[PDB]
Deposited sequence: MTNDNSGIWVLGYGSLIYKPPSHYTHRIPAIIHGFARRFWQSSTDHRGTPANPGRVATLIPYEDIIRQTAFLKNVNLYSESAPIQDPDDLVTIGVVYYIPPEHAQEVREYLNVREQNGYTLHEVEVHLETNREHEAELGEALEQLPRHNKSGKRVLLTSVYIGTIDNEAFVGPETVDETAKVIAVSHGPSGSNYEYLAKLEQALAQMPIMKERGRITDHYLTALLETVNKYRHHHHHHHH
């Protein structure tokens, strides 16, 4: 009926309108990296910034550089299956009356090179929301190849082929950009800090080692 929308970047802390559920989520099957350039928000055309995208398991395993980078920051290194990849984010439910607005959610945020995808995802959540997640899973009962319950969700992704994709990039390379860039929405550092704040408000303790190393390195450049 309605749609579930994954948030892994600014949708976490600047939500879509009219959601009726917002469930903190361990999202399996994707890694989140600041491998998308921003030219209208957190940088400029001549001096782009860096914003978040998600990379699916099937793309990670196809490039040695992606796989080594994911293994560098994963507690499950060397990863063996999509379930080994974890991105901490949220999932929103948008009722049918408003579902068609999903196709316009990027009009107020990072947007160049992002495309809308529908994917079945294995999610986990905290004790406070387990029952709510369980009800969500029971509406369109779906299971993956391993027998685990999955949720049909929409997500905006900067895929590996998009014009703004800049990966793979090391934390040092990305941090050097984040530490100096800004655009009409404010500094690229503020974008990173808001994401870190939003994840800290949402304890599930599962932590994002890539984002921690990225922020530590950006702080070293800013010091």
Could you please spell out the deposited residue ranges that have no C-alpha entry in the coordinates? 1 to 5, 210 to 214, 234 to 240
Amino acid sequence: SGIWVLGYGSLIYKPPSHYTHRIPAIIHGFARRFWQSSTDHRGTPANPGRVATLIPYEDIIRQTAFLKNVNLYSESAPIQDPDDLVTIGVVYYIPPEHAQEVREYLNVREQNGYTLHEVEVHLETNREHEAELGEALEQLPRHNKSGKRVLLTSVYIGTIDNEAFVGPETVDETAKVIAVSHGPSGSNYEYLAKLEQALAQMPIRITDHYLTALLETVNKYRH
From here on, numbers count along this sequence of modelled residues.
Segment of higher mean CA temperature factor, 189 to 197 or 53 to 61: 53 to 61
164 to 172 set against 22 to 30, stretch whose average Cα temperature factor tops the other in the entry: 22 to 30
Out of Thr115, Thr153, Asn71, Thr87, which residue has the highest Cα temperature factor in the PDB record? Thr87
Quick check for you: using the entry's CA B-factors within this chain, is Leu11 in the lowest, middle or highest third? lowest
Is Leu215 in the lowest, middle or highest third of its chain when residues are ranked by C-alpha B-factor? middle
Determine, from the deposited record, the chain-internal third of the Cα B-factor for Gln111: lowest, middle or highest. lowest
